[PDB]
Amino acid sequence: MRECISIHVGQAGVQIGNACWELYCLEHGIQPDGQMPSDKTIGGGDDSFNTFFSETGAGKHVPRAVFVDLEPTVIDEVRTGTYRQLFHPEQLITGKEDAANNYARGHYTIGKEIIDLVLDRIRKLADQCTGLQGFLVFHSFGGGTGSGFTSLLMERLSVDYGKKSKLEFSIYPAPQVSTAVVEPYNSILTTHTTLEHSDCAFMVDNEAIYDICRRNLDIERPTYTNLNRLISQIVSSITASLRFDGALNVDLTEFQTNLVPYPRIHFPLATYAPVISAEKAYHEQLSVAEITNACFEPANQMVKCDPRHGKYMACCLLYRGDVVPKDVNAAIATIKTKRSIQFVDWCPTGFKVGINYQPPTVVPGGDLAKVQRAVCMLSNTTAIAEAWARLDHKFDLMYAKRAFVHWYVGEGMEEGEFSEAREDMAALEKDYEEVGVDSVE
Amino acid sequence: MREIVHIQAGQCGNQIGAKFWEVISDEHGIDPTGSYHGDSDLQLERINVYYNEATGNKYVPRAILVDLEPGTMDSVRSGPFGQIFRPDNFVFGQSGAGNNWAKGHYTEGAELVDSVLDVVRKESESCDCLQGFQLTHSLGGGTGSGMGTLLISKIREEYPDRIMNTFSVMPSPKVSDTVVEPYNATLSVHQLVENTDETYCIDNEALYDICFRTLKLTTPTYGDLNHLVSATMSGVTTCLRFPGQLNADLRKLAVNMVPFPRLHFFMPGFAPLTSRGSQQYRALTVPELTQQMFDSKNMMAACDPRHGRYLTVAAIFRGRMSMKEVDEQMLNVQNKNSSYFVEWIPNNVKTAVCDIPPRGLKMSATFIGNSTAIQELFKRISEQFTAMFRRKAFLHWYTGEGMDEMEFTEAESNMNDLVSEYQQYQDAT
Amino acid sequence: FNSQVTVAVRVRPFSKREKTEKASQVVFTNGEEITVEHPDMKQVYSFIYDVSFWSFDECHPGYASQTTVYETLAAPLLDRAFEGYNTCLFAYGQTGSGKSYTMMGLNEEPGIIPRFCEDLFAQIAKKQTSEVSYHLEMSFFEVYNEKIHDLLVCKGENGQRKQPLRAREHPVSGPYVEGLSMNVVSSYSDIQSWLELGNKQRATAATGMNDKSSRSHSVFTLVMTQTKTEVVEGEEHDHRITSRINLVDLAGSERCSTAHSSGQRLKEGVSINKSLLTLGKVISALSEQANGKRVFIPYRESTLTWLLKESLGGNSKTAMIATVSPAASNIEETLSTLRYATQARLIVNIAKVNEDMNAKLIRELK
Ligand SMILES: CC(=O)O[C@H]1C(=O)[C@@]2(C)[C@H]([C@H](OC(=O)c3ccccc3)[C@]3(O)C[C@H](OC(=O)[C@H](O)[C@@H](NC(=O)c4ccccc4)c4ccccc4)C(C)=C1C3(C)C)[C@]1(OC(C)=O)CO[C@@H]1C[C@@H]2O
Ligand SMILES: Nc1nc2c(ncn2[C@@H]2O[C@H](COP(=O)(O)OP(=O)(O)OP(=O)(O)O)[C@@H](O)[C@H]2O)c(=O)[nH]1
Ligand SMILES: Nc1ncnc2c1ncn2[C@@H]1O[C@H](COP(=O)(O)OP(=O)(O)NP(=O)(O)O)[C@@H](O)[C@H]1O
Ligand SMILES: Nc1nc2c(ncn2[C@@H]2O[C@H](COP(=O)(O)OP(=O)(O)O)[C@@H](O)[C@H]2O)c(=O)[nH]1
Ligand SMILES: [Mg+2]
Ligand SMILES: [Mg+2]
């Protein structure tokens, strides 16, 4: 088999994990109580797979997930929610208090007495794995818990297990929209560490998915209960290769070795075909040829990043449903055929491909309509450095006068630690320039 | 009787194996259970070529499966013909290489190759007269390549007198699957050329165009392309299992095809295909088959001969035919299109004929070619390689498993050398 | 220096074997020119060489001992070694033609190899000064069934101690062996001890053609580095040269019709003939190259050629020695050998001296 762990840290991930496990259970005919009246009716099928869900003797199934956010008023929603009789009650609500946008509490002060259990219950989970492992950690950058905690966890995990893929689906801080003033402090301080431990940190933005939700989905007034689902589908579109069959299936490690030229540039993006509403569910064929153009459209990017201000290093596409390989080959050729899309000289190969048969499902209460096929795209480009530029500059201004810092120092973080990340992130930006520049002889 | 061990390694191979036996079973009157229900002893006189027998007049194939890192394991077993395969021959591990050759050669495959090799020894010892080995794989990937060449070498040391054949899907010029194929393959070629008697270079792109235009199929799948690969695999050995006016075998193919020990890569082809409609709009003749046979668009290798020349070919026909028309037709080709052929080989072609046609055809043929056009594929992989190597574009992933720069370098020198060798004879004299 | 290879020849006389089964003479030396009479007396082939010796008899002019042959053939290569040139000498010919008897010889009449070796050690004694410091190393290995084995290793204790090695190609200096235990030389005495061990452990065997046959290929490498003063007022001893000497004892065709044998015997014979054929093709394309022909050289078709690439060509002052018999029983073999040699004269490489002024500025100033 293959196994994969879902961890949700903070609120942003937990709220998502609610969206994720909802889809997973639905996609696999599983009921909220872990039961399988569909398996009762069928009498067969391994659908309730060990990829994501354990199983007991009673026919109940349990997902491989934990979570913690140091905020009981969220997890408790799940302890009372419809899925309360799903999860293992050893979900770690230690939320005596919250990190409150302060990295240091989650990393140093109150990261204590919490992380000891996170690792423990994790070990218990790995001990049930007779196969692959790989970690899905859901957090938000700029946050007080989604970072200061998730810095510790990946560090400890790089020690206990080390030789496992450690993936992250994470909210990047937007250029304009912010729910805090300390995102830049909180964000940059994080990158100093997760750069070294992780191997692939899939990033997203809320501004982009917002605009997306308006245009294609015809949604005037979105909220987290519509955004997360898109973020959930993407995660499925990845992981579906593990649970279902397919002509060209992919594991998690396959991504790591193809998208990641050098150890330190593991910061890619994502898109999809959520161009769907019940009205526009018609009037289009939704061919392999259409979507692939869309999957390079600047507008349908999930972060506020102009690719056309940079170049592509490597890319991977994961299709679902009734999909024909030949049609993919024509389509990818077309994508090279276009001149706006500038690749590095390095990679005439450029592309990876993966394909599954199992089409997407739809959640009732939802918006994205039914289809016969869909794709997910991932991409590593240089354009993001500009976004990294924004955060380093925002930092620069409100650090110079050392604003807000006495708080972080008030928890014990030394002044210079700020600069340490800065020199790093500047050097990181410098790396994107080195590589982006064409080669010579 | 001559006996072969067939091996499956990699997502692409096992499916080819999967489609393969489905054809052989049909060519021998066997069911998904392994029972006989045919109508001719000919389907049984030489069944021991590919299969072993079992108690209740069942017939087990000599197939082995080694990259069943389980994701494709169920795919094979829960299939229309999954059940015939020896369950004990389902060898595997876990934690797939992620297309990293080194994992597929040095670390993981190292742990597993013993076991698969042990099983091979059994199937070997159970034979009466072992001839050669038949591996399916692909380059560019981790398992099919690394574990392949590993397993190929060891077997060669154990059976160096014997034959080792492969049918290896090659990386494309244009449409990639993985992004490190230049890395994954060139390493393979380094070990492939040196530990092989022949290999059949197949490209996906040609198969697409082939099925797209001549077969006039608008929705082809990986399931159907393979259906053509299995044909050639069967045609090469039709004269082995079945009789004819003029017999052929694997050893007889090489010695007439391999002038120099390193130029043992080939460009196969197969006839006839007509998209069902035009079936009413032709008739099957020897010149007809020959015409498709040397068709520049029926070459599944994607190396246009017309920019190069042939060293030697083998045109294995199958059915009731007259030899005069056969031998005449090759001569015509040698005559009219002589510039595509070598002077210093006086006759640039051989032949072979088996008197047993396939399931629903009156006459069929199989093409085998050795040509200078193969240079082009080899340049591509080399040119793609260097552009990445000099910057160490993806290198760090292998070095984490213990490879070093020399190894990547070594293969490069070797691959370029193979090119130059072909280029030696590329110019007419 | 685009320059040619010295090709030398030695007609050994007939033996007890011919005495028992009469085999006439057909090779004849006009002082040095080689002439062969067909037993049919229909043709005389003749071949010209840069060097000849007539060991058929001790008396007629043209005769030469091991050391006469040395100072004809190998002492000049000693000279070019101290000049700094890499150098090669390799043997060729059939079984029982004294190919070892010439290169290595035995205890009582050792070969060109030991003669050169003592000459080299004493030639270093001639300049054992602080003007130039000298450092000499050597390796010694064997080729059997395309497998490489170390002659200077005391094997362990086991049923199978013939530890194989493998080859690797430095992008600059070319091929080399992993684990090749190149050892330091203090003197010809040490060289002698090393050679004794290696020739003892060599996979050789008795047969129907000779009492002891070189059934494996042998390579004997020396490399002498010499660090000299530069022409500066500062660090003077910053110049160095290296010179790589390569002495090669090959095997013979051993046509199975006379070399009636079985099993591993025939296996070794097959591998040998295959190797020598590959070498011959290399030699031929090299000759064509020397004729100005643009030609692909299948160095890689085996191991011998691959390792000896820089010696068969490359950058070295080189030579070959061909051993031939007088008995008409093997006239075909001797003719093949002579044709190999007379073609071999035509070969050239481009030979210079290995200063290796790397991180030195010396070559750049030059
Ligand atoms: C059945 C029939 O009368 O119709 C023909 C047919 O329409 C044609 C077009 C067949 C058909 O070929 C295809 O339809 C096809 C589709 C996708 C990919 C590959 C093939 C046929 O399937 C192919 C099939 O050939 C065989 O039966 C041989 O067994 C062939 N393999 C199989 O088709 C086969 C596959 C699974 C199970 C059983 C048989 C074969 C190939 C190599 C070595 C031995 C046998 C034949 C005569 C036909 C059909 C069935 C329509 C052709 O191929 C063969 C081998 O005959 C395509 O051009 C030829 C000409 C045939 O007339
Ligand atoms: N996309 C998305 N983002 C969310 C959601 N919920 C919260 N966020 C983001 O989370 C960020 C707020 O900081 P968080 O890291 O969530 O705070 P936390 O994780 O609860 O830990 P604290 O910072 O201590 O609250 C904001 O940028 C929000 O946009 C959600 O459902 N979807
Ligand atoms: N010209 C010669 N004069 C006197 N004795 C010779 C001469 N050539 C060879 N011999 C002796 O006769 C023997 C036959 O030579 P031999 O050493 O068998 O050839 P070889 O070099 O071993 N060939 P191979 O074993 O294939 O490498 C040797 O032991 C020599 O001592
Ligand atoms: N003809 C054919 N090719 C395939 C099929 N599946 C995968 N491939 C090819 O095989 C390659 C994938 O390599 P693979 O062997 O899966 O990698 P590995 O198994 O990890 O070594 C890709 O280039 C695919 O185009 C198939 O069903 N048929
Ligand atoms: Mg919080
Ligand atoms: Mg000898």
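These protein sequence lines map, in sequence, to chains A, B and C.
Residue numbers 10 to 450, in my numbering, belong to the letters of the first sequence in order.
Residue numbers 185 to 613, in my numbering, belong to the letters of the second sequence in order.
Residue numbers 709 to 1074, in my numbering, belong to the letters of the third sequence in order.
We treat Cβ as the ideally placed atom computed from N, Cα and C, and that holds for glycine.
First and last residue of the uninterrupted alpha helix (DSSP H) at residue 425 of chain B: Within the second sequence, the letter at position 241 stands for residue 425 of chain B. From DSSP, the alpha helix (DSSP H) with residue 425 of chain B extends over 422-425.
Buried or exposed: residue 947 of chain C, going by 16 or more other Cβ atoms within 10 Å of its Cβ? Here residue 947 of chain C corresponds to residue number 239 of the third sequence, with the count starting at 1. That one is buried.
Residues of chain F with a CB under 8 Å from the CB of residue 283 of chain B: which are they? The chain labelled as chain F is not found among the protein chains of the depicted structure, namely A, B and C.
Of the residues C:1035, C:1067 and C:1054, which one's Cα is nearest the Cα of residue 728 of chain C? The residue labelled residue 728 of chain C in the question sits at position 20 within the third sequence. It is C:1035 whose Cα lies nearest to the Cα of residue 728 of chain C.
Going by DSSP, what residue range makes up the beta strand (DSSP E) through residue 811 of chain C? For the purposes of this step, residue 811 of chain C is taken as the residue at position 103 of the third sequence. Segment 807-811 is the alpha helix (DSSP H) holding residue 811 of chain C; no beta strand (DSSP E) there.
Just to make sure I have the definition right: I need the residues of chain B whose C-beta is within less than 9 Å of the C-beta of residue 1003 of chain C. Which are they? Walking along the third sequence from the start, residue 1003 of chain C turns up at place 295. Here the neighbours are 608.
Endpoints, beta strand (DSSP E) assigned at residue 891 of chain C: Position 183 of the third sequence, counted from the first residue, corresponds to residue 891 of chain C. Looking at the DSSP string, the run of the beta strand (DSSP E) that includes residue 891 of chain C is 891-893.
Using the C-alpha atoms, what's the distance from residue 555 of chain B back to residue 271 of chain B? Within the second sequence, the letter at position 87 stands for residue 271 of chain B. Within the second sequence, the letter at position 371 stands for residue 555 of chain B. C-alpha separation (whole angstroms): 41 Å.
List the whole-angstrom C-beta distance separating residue 523 of chain B from residue 612 of chain B, where the pair is believed to meet the contact cut-off of C-beta under 8 Å. For the purposes of this step, residue 523 of chain B is taken as residue 339 along the second sequence, with counting starting at 1. For the purposes of this step, residue 612 of chain B is taken as residue 428 along the second sequence, with counting starting at 1. Correct: roughly 7 Å between the Cβ atoms.
For a test of your reading of the model: does the CB of residue 962 of chain C fall under 8 Å from any non-hydrogen atom of ligand 3? Yes or no. Within the third sequence, residue 962 of chain C is the residue found at index 254, counting from 1. Yes.
Taking the C-alpha atoms as reference points, what is the distance between residue 427 of chain B and residue 726 of chain C? Against the second sequence, residue 427 of chain B aligns to sequence position 243. Against the third sequence, residue 726 of chain C aligns to sequence position 18. So the two alpha carbons sit approximately 53 Å from each other.
Tell me the DSSP secondary structure of residue 405 of chain B in three-state form. The count along the second sequence starts at 1 and reaches residue 405 of chain B at position 221. Three-state DSSP puts residue 405 of chain B in coil, outside helix and strand.
For residue 501 of chain B versus residue 482 of chain B, is the C-beta distance shorter than 9 Å? Counting from one through the second sequence, the residue named residue 501 of chain B turns up at place 317. Counting from one through the second sequence, the residue named residue 482 of chain B turns up at place 298. No, the pair does not count as a contact, with Cβ atoms beyond the cut-off.
Suppose contacts are defined by Cβ-Cβ distances below 9 Å. Is residue 585 of chain B in contact with residue 286 of chain B by that definition? As a first step, residue 585 of chain B must be located in the second sequence, where it is residue number 401. As a first step, residue 286 of chain B must be located in the second sequence, where it is residue number 102. Yes, Cβ-Cβ distance for residue 585 of chain B and residue 286 of chain B is below 9 Å.
Thinking residue 151 of chain A and residue 196 of chain A are a contact (beta carbons under 8 Å), I'd like their distance in whole angstroms, please. Against the first sequence, residue 151 of chain A aligns to sequence position 142. Against the first sequence, residue 196 of chain A aligns to sequence position 187. Sure, about 5 Å apart at Cβ, within 8 Å.
Run the CB neighbour count on residue 574 of chain B, radius 10 Å, all protein chains shown included, and call it buried at 16 or more, exposed below. The sequence position of residue 574 of chain B within the second sequence is 390, counting from 1. Counting Cβ neighbours within 10 Å, residue 574 of chain B comes out exposed, since fewer than 16 surround it.
Short check: CB of residue 51 of chain A to CB of residue 77 of chain A, under 9 Å? Indexing the first sequence from 1 puts residue 51 of chain A at position 42. Indexing the first sequence from 1 puts residue 77 of chain A at position 68. Not in contact: residue 51 of chain A and residue 77 of chain A (Cβ atoms no closer than 9 Å).
For the region 347-377 of chain A, which segments carrying the beta strand (DSSP E) assignment without a break, of at least 3 residues, lie completely within its bounds, in sequence order? 360-364
Which residues, in chain order, does the region 1018-1035 of chain C contribute to contact with chain B at a C-beta distance below 8 Å? none
Within 9 Å, strictly: CB atoms of residue 551 of chain B and residue 510 of chain B: Residue mapping note: residue 551 of chain B aligns to position 367 of the second sequence, counting from 1. Residue mapping note: residue 510 of chain B aligns to position 326 of the second sequence, counting from 1. No, these two residues do not count as a Cβ contact at 9 Å.
Would you call the region 603-611 of chain B in contact with the region 436-450 of chain B, where contact means no fewer than 3 C-beta pairs closer than 8 Å? yes
Is residue 813 of chain C near ligand 6, judged by its Cβ being under 8 Å from some heavy atom? Locating residue 813 of chain C in the third sequence gives position 105, where the first residue counts as 1. The answer is no for residue 813 of chain C.
Just confirm the distance between the C-beta atoms of residue 1030 of chain C and residue 801 of chain C, as a whole number of angstroms; I'd bet it's less than 8 Å. Taking the first residue of the third sequence as 1, we reach residue 1030 of chain C at position 322. Taking the first residue of the third sequence as 1, we reach residue 801 of chain C at position 93. That belief holds up - the Cβ atoms of residue 1030 of chain C and residue 801 of chain C are roughly 5 Å apart, short of 8 Å.
Exposure label - residue 899 of chain C; buried when at least 16 CB within 10 Å: By one-based count along the third sequence, residue 899 of chain C stands at place 191. The residue in question, residue 899 of chain C, is buried, as its Cβ has 16 or more Cβ neighbours within 10 Å.
Please state whether DSSP places residue 257 of chain B in a helix, a strand or coil. By 1-based counting over the second sequence, the position of residue 257 of chain B is 73. Looking at residue 257 of chain B - three-state DSSP - the assignment turns out to be helix.
Return the chain-ordered ranges of every alpha helix (DSSP H) run that is complete within the region 895-962 of chain C and spans a minimum of 4 residues. 896-909
Determine the chain C residues that contact residue 593 of chain B at a beta-carbon separation under 7 Å, and present them in chain order. To locate residue 593 of chain B, count along the second sequence from 1; it is residue 409. What residue 593 of chain B touches in chain C: 879.
8 Å contact criterion, which residue 287 of chain A and residue 378 of chain A should meet: CB distance rounded: The residue given as residue 287 of chain A occupies position 278 in the first sequence. The residue given as residue 378 of chain A occupies position 369 in the first sequence. Going by Cβ atoms, the distance from residue 287 of chain A to residue 378 of chain A rounds to 5 Å, so yes, they are a contact pair.
Between residue 1028 of chain C and residue 798 of chain C, is the Cβ-Cβ spacing less than 9 Å? Residue mapping note: residue 1028 of chain C aligns to position 320 of the third sequence, counting from 1. Residue mapping note: residue 798 of chain C aligns to position 90 of the third sequence, counting from 1. Closer than 9 Å, so yes.
Closer than 8 Å, Cβ to any Cβ of chain A: which residues of the region 352-371 of chain B, in chain order? 358, 359, 360, 361, 362, 363, 364, 365 and 366
My output table needs one value for residue 437 of chain B: the three-state DSSP class, helix, strand or coil. As a working note, residue 437 of chain B is residue 253 in the second sequence. Correct three-state label for residue 437 of chain B: helix.
Grab me the residues of residue 344 of chain A's own chain with a C-beta within less than 7 Å of its C-beta, minus the 5 sequence neighbours each way, in chain order. Here the question's residue 344 of chain A lines up with position 335 in the first sequence. Hits under 7 Å: 301, 305 and 350.
Looking at residue 336 of chain B and residue 376 of chain B, is the spacing between their C-beta atoms short of 9 Å? Walking along the second sequence from the start, residue 376 of chain B turns up at place 192. Walking along the second sequence from the start, residue 336 of chain B turns up at place 152. The answer is yes: Cβ separation under 9 Å.
Which residues, taken in chain order from the region 312-337 of chain B, show a beta carbon closer than 7 Å to some beta carbon of chain A? none
Going by the C-beta, is residue 957 of chain C closer than 8 Å to any heavy atom of ligand 6? For the purposes of this step, residue 957 of chain C is taken as residue 249 along the third sequence, with counting starting at 1. Under cutoff, so the answer is yes.
Can you pull the DSSP bridge partners for residue 737 of chain C? Your numbering for residue 737 of chain C matches position 29 in the third sequence. Its beta-bridge partners are C:742.
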